[PDB]
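Think of it as A, B, C, D, E, F, G, H, I, J, K and L in the order they're written, each chain with its own count starting at 1.
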Amino acid sequence: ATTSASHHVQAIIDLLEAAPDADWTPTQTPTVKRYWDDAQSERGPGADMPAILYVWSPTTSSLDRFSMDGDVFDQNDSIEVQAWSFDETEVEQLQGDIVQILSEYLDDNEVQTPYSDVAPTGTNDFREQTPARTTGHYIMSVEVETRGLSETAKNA
Amino acid sequence: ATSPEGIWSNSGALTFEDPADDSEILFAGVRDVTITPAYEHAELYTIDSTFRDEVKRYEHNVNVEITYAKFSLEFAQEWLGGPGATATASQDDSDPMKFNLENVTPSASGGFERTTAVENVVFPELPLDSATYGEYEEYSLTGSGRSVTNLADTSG
Amino acid sequence: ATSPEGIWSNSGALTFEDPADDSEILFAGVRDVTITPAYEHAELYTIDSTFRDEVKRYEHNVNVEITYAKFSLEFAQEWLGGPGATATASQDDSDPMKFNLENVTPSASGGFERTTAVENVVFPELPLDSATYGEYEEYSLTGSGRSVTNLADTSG
Amino acid sequence: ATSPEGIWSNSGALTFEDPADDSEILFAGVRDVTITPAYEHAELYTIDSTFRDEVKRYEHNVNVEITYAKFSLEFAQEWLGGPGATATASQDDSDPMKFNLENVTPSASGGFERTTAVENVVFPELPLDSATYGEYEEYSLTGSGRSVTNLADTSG
Amino acid sequence: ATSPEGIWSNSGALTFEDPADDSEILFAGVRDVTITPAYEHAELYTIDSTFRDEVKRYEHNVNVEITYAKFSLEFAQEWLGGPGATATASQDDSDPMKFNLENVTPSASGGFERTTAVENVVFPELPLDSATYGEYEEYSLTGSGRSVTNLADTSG
Amino acid sequence: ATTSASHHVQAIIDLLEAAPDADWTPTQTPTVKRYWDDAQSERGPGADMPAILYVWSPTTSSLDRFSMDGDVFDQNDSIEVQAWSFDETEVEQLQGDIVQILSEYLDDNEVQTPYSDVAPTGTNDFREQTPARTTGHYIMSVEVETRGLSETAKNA
Amino acid sequence: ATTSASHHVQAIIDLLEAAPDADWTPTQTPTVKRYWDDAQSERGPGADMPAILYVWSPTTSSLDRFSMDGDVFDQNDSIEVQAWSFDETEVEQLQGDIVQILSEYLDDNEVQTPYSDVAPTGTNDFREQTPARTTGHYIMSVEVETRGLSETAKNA
Amino acid sequence: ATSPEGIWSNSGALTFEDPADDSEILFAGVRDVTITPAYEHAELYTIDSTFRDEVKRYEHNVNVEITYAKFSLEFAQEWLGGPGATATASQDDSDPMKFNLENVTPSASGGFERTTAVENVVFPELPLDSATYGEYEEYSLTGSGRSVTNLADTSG
Amino acid sequence: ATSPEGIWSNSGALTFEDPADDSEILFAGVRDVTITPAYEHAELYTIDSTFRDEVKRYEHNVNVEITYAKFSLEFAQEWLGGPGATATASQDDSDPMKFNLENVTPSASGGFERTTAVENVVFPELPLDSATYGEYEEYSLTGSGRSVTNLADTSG
Amino acid sequence: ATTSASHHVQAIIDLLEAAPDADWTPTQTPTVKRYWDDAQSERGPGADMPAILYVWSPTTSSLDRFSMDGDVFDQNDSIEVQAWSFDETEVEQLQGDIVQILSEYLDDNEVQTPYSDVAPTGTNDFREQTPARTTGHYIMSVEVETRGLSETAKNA
Amino acid sequence: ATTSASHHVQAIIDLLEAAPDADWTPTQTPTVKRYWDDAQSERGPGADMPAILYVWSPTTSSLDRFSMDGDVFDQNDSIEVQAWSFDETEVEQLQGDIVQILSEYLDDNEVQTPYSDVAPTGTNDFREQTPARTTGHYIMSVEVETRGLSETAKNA
Amino acid sequence: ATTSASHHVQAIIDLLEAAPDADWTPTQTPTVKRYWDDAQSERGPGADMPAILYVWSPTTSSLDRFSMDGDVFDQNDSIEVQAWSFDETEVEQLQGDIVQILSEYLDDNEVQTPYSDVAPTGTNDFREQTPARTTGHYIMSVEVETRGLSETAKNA
């Protein structure tokens, strides 16, 4: 329903884009992007602009045999969402927000998404990396896993 | 006929009801649920043949196994109280509390919605405390129901 | 003679049929299948000798053990209803549903194709719900057939 | 009704009391605590139905399992001495020491505070020395109480 | 005497023969093979001494355990058929198929070559199908031979 | 039938080349290559050309013993297929195509392929690597395992 | 009560800042900071200033599923606290103090903090790293883990 | 009362004595030591009540289990010899050797010193040789004493 | 008496002898060796006392368990042949072969040399073949001796 | 017989050199060398010359205790054989050939070789590494393991 | 007590400093230091001076929960002691001596130290590192672990 | 005893030096050295000189607790012996020789050495590393473990 996307990265983008303005904690709704939408020097928001979320798949999607039939793979997919902002508290709110948003659909039986399960499974703080002299982006992230039965056409 | 399909465990909604009312008894936080209709079988063999002459079924019961991790005070007080009552202490009476049980589970593609309903489930023993240091409490119920009252596709 | 050969498990096409019709009962998604013809053995020993004097076989059955991952609503309703009828609830009657079973399996080189057929398989108990959190449901059948009706190479 | 909730194990305060006084018996350092009210169940079946006709309960007890890691001389000497006495040696008498037990446990959110109280817990065997090289001693108690005297929310 | 020596398992040539012919029955792909002559022992003790007065042996048999991974259609049809016959179906008769068994095995150094030969091995049960998803099939036989007909160094 | 190739890399190239034009999502059927067919500075397609698939074996093939006979190895082979294009949508489509192509042949009895099993076992996204500033190839891949019984010279 | 903080880093800062002056071993109460509050060349105290504690989250927080309800995550969080001073004795005293402070709240079921559990799980000495010629900071640390039931949007 | 406390296993000094003398029998190198006073419990239930009416203790023993790794020739020869004698061979007599056992153990803080003394410990079986290739020998005793003669704080 | 000491397993030399001759029977390649003298214990309890009134020993045997990896034709043919003879086939007679057993073992420092000797050891079963693919054969004997004839320090 | 070589590297060189010209797939029989026979800048064949195989031992040979007699080590040895040629198909044929050649001797009970077992255990393709602009060697390899009983002279 | 030190590094220094001159093997008692007492170019002794021992904690101290009470951490601490000298035999004697000193207090239940256990867990030789041309320090070390119960002040 | 050495490195040097000239395969008995006896540029023999063996301890010796008594550590020591020569045949012969020398003493009950066990545990070939142009040394090695009970002086 809400996504029906061909690939997991677009699926998570669609879920984050579908979120009402009221569900984001900050005043301005974040911009959602594929990690490769922006070049590295440009990466992160400018001042006086909404925060940016970058979505990509960081590790190998597993395909497991479900049964001797071979009709479907038990497919397990992995994603990371990175929040970039100049505000060290805004990234923290965005981490909370992303977890909240993607904590809908937790046991979606392929109603909203093409998956049985979309879940936040871990989170990272990287604020310790931002050097204090310069203004520069604070970064935090949500790790997302995603599971469903994926058809093989083995038996037509 | 309806095509066989995989089922995501977390899609299942389990509920308990007082059979006097069909009113819900609050229960939550399941981690395992097994429901198994069973009969005793008896097989006829005679000097006529090495092969089975006949087979028949008797002593119907529905085995119910549940693992869960959210404690319900109502469920415990119902179990103590026996039919049509709640108690804060063990009751010196012969009637076990009989629960109606229902589990409703959408299939992985939404191709059917399995409803399983079991009458008069009783539990010989109830865990009240199940602590292990550095963990949340987890509880196991083993019980037996009289019969399956319903097993159907309840979609549409 | 036919040369013995390895067998890739997944190549096996397991099927069930109603013995009243030879019509198929839909079943799918097997993970384990064990089929074992058996007899009780009685051995004769006397004061004449320490060695076995005679051995004889009796109480023939075929043990059938299946693990599977796709729920079949038809198979469950056939099991409930007994011979020649489906039911949506436990039936208070003495006849277990008898299934004809057939498994067809080419060998690893296609050097032969074993067909195993087992008559009048009955299952003392049927798993309905078998859920564990964060996983697909998985089901185990134990049952027994009256005899092997066919064990042959069906190649060519 | 009170909403069911998770319970953090370590929140539970376990205590033992002499039922002659309601005075505390010093005991500490629990690692596991399992408390399980139980009954024997008898099920009636007769030729006129395959289904269960009646079920009744009898032989109430409360199973108590405790693993613990701090040794108590008082608890051990109370166990030796029998009701209303302490001893430094085994007693040649027929009365086991009866302990009243209470475990008081806030729920994970503080939504309720369940108190479990069990009368006349007796232990068939008492672990004394329980050494294993390079580790602190650990002790296991199995015992049974006569009944649950209290199971209630004691919050507010 | 011949020096005791290590034996590399894979050196062993296991074969089965029809005892009516001494003709070979095709069998292959063994993984485990255990052959164990046994007797029941009876020990005499009386008030006159705490020590064993006598020991005697009775009920000789040879336990045979085989795990194997190549399916033999001939071996299965021989087991079904009984002595001096092959069958494509269970046979309703009291005579189990008796196999003569021989295993010939060199020492790891070639210093001796044990032949173990066992008369009239019978198997109470035969696995036909032993599927596990994503594996080649594996089969277990348990049976009993009447006696060891030969255990000797076969070299030279 | 379709391949009969001497080595797994050529075997999977033969499968991908055997796919009808209708079974690819883009308008132009991709070109299939060994990873070493092209030099690095011109690896991947030019503009106005079909997308390129590169096939190779990234890791060690296993040769496990199948049995004590030594007649066969249980051989497990590993392959990666990389899809290169300038269109991020085309590589995603190609990943979906490669999967649904190589999910035929999932349980061959060496019927089309020389294998028991050719299976996609995982998939990778590397679109996050492509610098957004420059025109440059997007890359995605499929990891494929391949299993079969493989002959030996031992018995000839 | 004492914190009610949005995120674990601020939660532990709030705990360390909430400590009475009497619960610190040195004469002058330390200053608590996020690791990113100070630039690297400025990091650590000056002479004639109180010692500094730097708090951050060094590794991925887990969000494990609690049950099939999807109503809560079993959230596990990770923190490090570094004590910086010119006195090799003062960092040792501070390591003691940090442990004694954060060893309150050990089984706080959401009374003080938003957690079920805040615990030191290890400690580090790095005094061996401080070069002996130069005046320079000694560093020691406490590793802290933090666990609680965290809400979801799934059930509204 | 004495405060309950942890106990470091290795602090325990275990000794055996001949009850004819109170002279020490040399024994050493324990790894595990379990001492468990135990009674049979008999419970009274009648048609008057589902609750336990009475419980009584009888048939006392002290179960003793020891794992040890230094072989004692004296201990073995005492066990062979029976009361008041040593032997180099099995003795054909009905009296088992009875050992007085004492274990003395300071608590973790030195808060108390548990002495446990057990009279007339007998061992049904004695391991003499317990070899495993590439290891030192390790020995297990299971036995039982008549009573605990002393369980007290020994300190001061 | 002699100080208890550790024993390195591999220091032990195990031998078997024909009790008719005191001649050696070739046996080698030991991996595990357990020798355990045992008695049945009977305990007297009466209405006079809850404590054990008497304990007595009877039904003596020496349990012998050996794991070994070098096959011996002499040992096997002795076992088949019964007392005072060897055979190449099972013997239809009532007498098991009785082996005298001796194990001689220096302690870890050479502080003593434990000689254990056991008369009339008999083995109810003999492993002839114990193949597992890709491993050397390994054999397990369980048997029992009549008595310990010698347990002494044989040093000096 | 065929080798009797002092070390595993020479043993496998001897096996590959002993292979008839007819068993190599290409027109010319490969040259077999130690890895250290050639300098790096000259490694691999020149044009018009036959292909080269390089043999060496890449990892530690294990010596394991076979038994507590100490006569023998269970010795496990590791080898790699690298095929070098300019022809991408020739190396593929050579990999097939090396596997075939060394698949004789698979369970050689020290008849041909000084080993119980010489086996290919895996294979590698490195053709992806060869830069496509330059003429340069393609490389593929066979990993080989080798097992036998190796004498210690402990007991002379 | 010999130490009562606030931290493990000072505790082990106090133990090494407490050793009589008679317990050191060399003529001169070694100087004991924290690793950070000396600058690197000056680390180790000069000629005509006693050897130096450097003590520090190389890895994380664990703080495990002891029980549900939360009074105590089971604390495991790690230390290395490095011995530096120009004499390759003096360092060897010092390694022996350090083990022999710190193998007192092995099961000190807080009598001498603040610990339950101070133990050498391993030893390192680094003499292979010292360049043979130059005079320069030989180095050897002792790894020491240190375990005890550490108070939390949770329950005041 | 042949060694009675202070430390494992000197112990194995003493064992290799104690070997008769007849037990080495080459014409000249090798020279045995500590790895640090020679400077790197001069490591290995010159022409017209005997081959050199370099002995050192490459990894940490373990000191495991043997029992609760604490009289001894179960000490496990590790050594490597490198053979250096210009003759590729000589290093192979020396690898054989070193094994044959150090395979005496395999279960020395502290008769020849201060150990229960000195054992070659593996061997390395490094001949592939010697570059073929230059007359540089060939290298091969033996890895040796060594085990015994080591006194603590805990109990004086």
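Convention: a contact is a pair of C-beta atoms (placed from the backbone, for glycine too) under 8 Å apart; a residue touches a chain by one contact, two chains touch by 3 or more.
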**Q.** Touch-network distance, chain B to chain D, counted in steps
**A.** 1
Q: Quick one: superpose chain K on chain L by CA and send over the rotation angle as a multiple of 5°.
A: 60
Q | Equivalent of B-D within the choices B-E, D-H or C-D, defined by over half of its residue contact pairs recurring | A | D-H
Q | Distance from chain J to chain E - Cα centre to Cα centre, in angstrom | A | 38
Q) Centre to centre, by mean C-alpha position, how many angstrom separate chain G and chain L? A) 50
Q.
Taking the mean of the CA coordinates per chain, how far is chain H from chain I in Å?
A. 27
Q | chain J: positions in contact with at least two other chains | A | 65-68, 70, 106-107, 117, 149
Q) What positions in chain B touch 2 or more of the other chains? A) 6, 8-10, 12, 28-31, 33, 39, 50-51, 57-58, 60, 69-70, 90, 92-94, 107-108, 131, 133-134, 136, 147
Q) Where on chain C is chain B touching in the complex? A) 26-29, 39, 57-61, 69-77, 79-80, 88-90, 92, 94-96, 98, 120, 122, 124-137, 146-147
Q: Give every residue of chain G touching chain B within the complex, in rising order.
A: 65-71, 74, 149
Q: Please give the residue numbers of chain H that touch chain D in the complex, ascending.
A: 1-10, 12, 30-41, 43, 45, 50-52, 55-58, 60, 62-63, 103, 105, 107-108, 112, 114, 116, 147-153
**Q.** Contact set on chain E toward chain J in their complex
**A.** 6, 8, 10-11, 106-110
Q) If you look only at chain F, which of its residues touch chain C in the complex? A) 66, 72, 106-107, 109-111, 116-117, 148-149
